[PDB]
Amino acid sequence: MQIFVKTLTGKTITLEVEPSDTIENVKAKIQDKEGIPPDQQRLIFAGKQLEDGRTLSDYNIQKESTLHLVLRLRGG
């Protein structure tokens, strides 16, 4: 199943998921693709932050939804 993540600076990242992947699964995939720790990452869609224990289903993600990966400096 296709999702995309776009950055805060620029560029897009290409992702194969499953509807049942947890939001931690996206960030660990992404942590392979470009070495960004899940502790740096916030994800946003539709004016909400995506908390790490929920699925692509819970947050109503349809196929090919481009997503906005945002960043900490360090914390919170």
# chains A, B, ... in the order shown; residues from 1 in each chain; ligands from 1

call {"tool": "select_by_dssp", "arguments": {"residues": "chain A", "states": "strand (DSSP E)", "output": "list in words"}}
result
residues 2, 3, 4, 5, 6, 12, 13, 14, 15, 16, 41, 42, 43, 44, 45, 48, 49, 66, 67, 68, 69, 70 and 71 of chain A

call {"tool": "write_last_selection", "arguments": {"atoms": "N, CA and C atoms", "output": "compact mmCIF listing (two decimals), in the first residue's frame"}}
result
# COMPACT_ATOMS: atom_id res chain seq x y z
N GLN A 2 0.62 2.26 -0.88
CA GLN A 2 1.40 3.49 -0.92
C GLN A 2 0.95 4.62 0.00
N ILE A 3 1.79 5.18 0.86
CA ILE A 3 1.85 6.50 1.44
C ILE A 3 3.07 7.31 1.02
N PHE A 4 2.97 8.64 1.03
CA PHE A 4 4.18 9.43 0.91
C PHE A 4 4.46 10.32 2.12
N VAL A 5 5.73 10.53 2.49
CA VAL A 5 6.09 11.56 3.44
C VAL A 5 6.89 12.65 2.74
N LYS A 6 6.52 13.93 2.83
CA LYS A 6 7.21 15.13 2.42
C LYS A 6 7.74 15.85 3.65
N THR A 12 10.39 14.81 -1.14
CA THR A 12 9.44 13.76 -0.81
C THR A 12 10.16 12.43 -0.64
N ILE A 13 9.57 11.61 0.23
CA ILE A 13 10.00 10.25 0.52
C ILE A 13 8.92 9.22 0.23
N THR A 14 9.31 8.13 -0.42
CA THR A 14 8.40 7.11 -0.91
C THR A 14 8.40 5.89 -0.01
N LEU A 15 7.16 5.48 0.28
CA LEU A 15 6.84 4.50 1.30
C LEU A 15 5.83 3.46 0.81
N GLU A 16 6.13 2.18 1.04
CA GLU A 16 5.17 1.10 0.98
C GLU A 16 4.87 0.78 2.44
N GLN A 41 11.06 13.11 15.24
CA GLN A 41 9.97 13.17 14.29
C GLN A 41 8.61 13.51 14.89
N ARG A 42 7.86 14.50 14.39
CA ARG A 42 6.42 14.51 14.54
C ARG A 42 5.85 14.35 13.14
N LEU A 43 4.76 13.59 13.01
CA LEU A 43 3.97 13.55 11.79
C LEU A 43 2.64 14.25 11.98
N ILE A 44 2.23 14.94 10.91
CA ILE A 44 0.99 15.67 10.81
C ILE A 44 0.27 15.36 9.50
N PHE A 45 -1.06 15.31 9.61
CA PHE A 45 -2.05 15.34 8.56
C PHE A 45 -3.34 16.01 9.03
N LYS A 48 -3.89 17.66 12.72
CA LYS A 48 -3.48 16.83 13.83
C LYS A 48 -2.15 16.08 13.86
N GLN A 49 -1.52 15.97 15.02
CA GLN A 49 -0.31 15.19 15.19
C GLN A 49 -0.77 13.74 15.33
N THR A 66 -0.14 12.22 0.69
CA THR A 66 1.11 12.83 1.10
C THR A 66 1.08 13.49 2.48
N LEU A 67 2.10 13.13 3.27
CA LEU A 67 2.11 13.51 4.67
C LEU A 67 3.25 14.46 4.99
N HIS A 68 3.06 15.31 6.01
CA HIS A 68 3.94 16.37 6.47
C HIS A 68 4.79 15.93 7.65
N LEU A 69 6.02 15.42 7.51
CA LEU A 69 6.89 15.07 8.62
C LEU A 69 7.52 16.37 9.10
N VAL A 70 7.27 16.73 10.37
CA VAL A 70 7.82 17.84 11.12
C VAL A 70 8.88 17.42 12.11
N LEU A 71 9.62 18.30 12.79
CA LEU A 71 10.83 18.01 13.54
C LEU A 71 10.87 18.85 14.81

call {"tool": "select_by_dssp", "arguments": {"residues": "range 10-48 of chain A", "states": "helix (DSSP H, G or I)", "output": "list in words"}}
result
residues 23, 24, 25, 26, 27, 28, 29, 30, 31, 32, 33 and 34 of chain A

call {"tool": "write_last_selection", "arguments": {"atoms": "N, CA, C and O atoms", "output": "compact mmCIF listing (two decimals), in the first residue's frame"}}
result
# COMPACT_ATOMS: atom_id res chain seq x y z
N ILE A 23 1.91 3.91 13.90
CA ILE A 23 2.62 5.12 13.53
C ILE A 23 4.09 5.00 13.90
O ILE A 23 4.93 5.40 13.10
N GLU A 24 4.46 4.20 14.90
CA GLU A 24 5.85 3.84 15.08
C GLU A 24 6.47 3.14 13.88
O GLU A 24 7.58 3.47 13.48
N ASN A 25 5.75 2.24 13.19
CA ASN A 25 6.19 1.56 11.99
C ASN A 25 6.53 2.65 10.98
O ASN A 25 7.60 2.52 10.39
N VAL A 26 5.75 3.70 10.70
CA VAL A 26 6.19 4.66 9.71
C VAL A 26 7.54 5.27 10.06
O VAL A 26 8.50 5.28 9.29
N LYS A 27 7.70 5.71 11.31
CA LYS A 27 8.92 6.36 11.73
C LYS A 27 10.10 5.40 11.73
O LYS A 27 11.14 5.88 11.29
N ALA A 28 9.98 4.13 12.12
CA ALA A 28 11.08 3.19 11.93
C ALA A 28 11.39 2.94 10.46
O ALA A 28 12.59 2.95 10.20
N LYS A 29 10.46 2.73 9.53
CA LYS A 29 10.71 2.72 8.10
C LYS A 29 11.54 3.92 7.68
O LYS A 29 12.57 3.86 7.00
N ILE A 30 11.07 5.13 7.97
CA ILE A 30 11.70 6.41 7.70
C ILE A 30 13.09 6.53 8.31
O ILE A 30 13.97 7.14 7.72
N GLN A 31 13.29 5.98 9.51
CA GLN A 31 14.58 5.85 10.16
C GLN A 31 15.57 4.92 9.47
O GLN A 31 16.74 5.29 9.53
N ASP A 32 15.16 3.88 8.74
CA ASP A 32 15.94 3.32 7.66
C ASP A 32 16.19 4.29 6.51
O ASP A 32 17.29 4.38 5.96
N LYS A 33 15.17 5.01 6.04
CA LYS A 33 15.41 5.58 4.73
C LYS A 33 16.36 6.77 4.67
O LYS A 33 17.30 6.89 3.89
N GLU A 34 16.30 7.54 5.76
CA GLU A 34 17.18 8.68 5.95
C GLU A 34 17.82 9.03 7.29
O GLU A 34 18.37 10.10 7.53

call {"tool": "atom_distance", "arguments": {"atom1": "CA of residue 1 in chain A", "atom2": "CA of residue 63 in chain A"}}
result
6.7 Å

call {"tool": "closest_residue", "arguments": {"among": "A:11, A:38, A:22, A:17", "to": "residue 54 in chain A", "atoms": "only C-alpha atoms"}}
result
A:22

call {"tool": "closest_residue", "arguments": {"among": "A:46, A:7, A:21, A:40", "to": "residue 65 in chain A", "atoms": "only C-alpha atoms"}}
result
A:46

call {"tool": "atom_distance", "arguments": {"atom1": "CA of residue 74 in chain A", "atom2": "CA of residue 53 in chain A"}}
result
20.9 Å

call {"tool": "closest_residue", "arguments": {"among": "A:36, A:64, A:56, A:76", "to": "residue 18 in chain A", "atoms": "only C-alpha atoms"}}
result
A:56
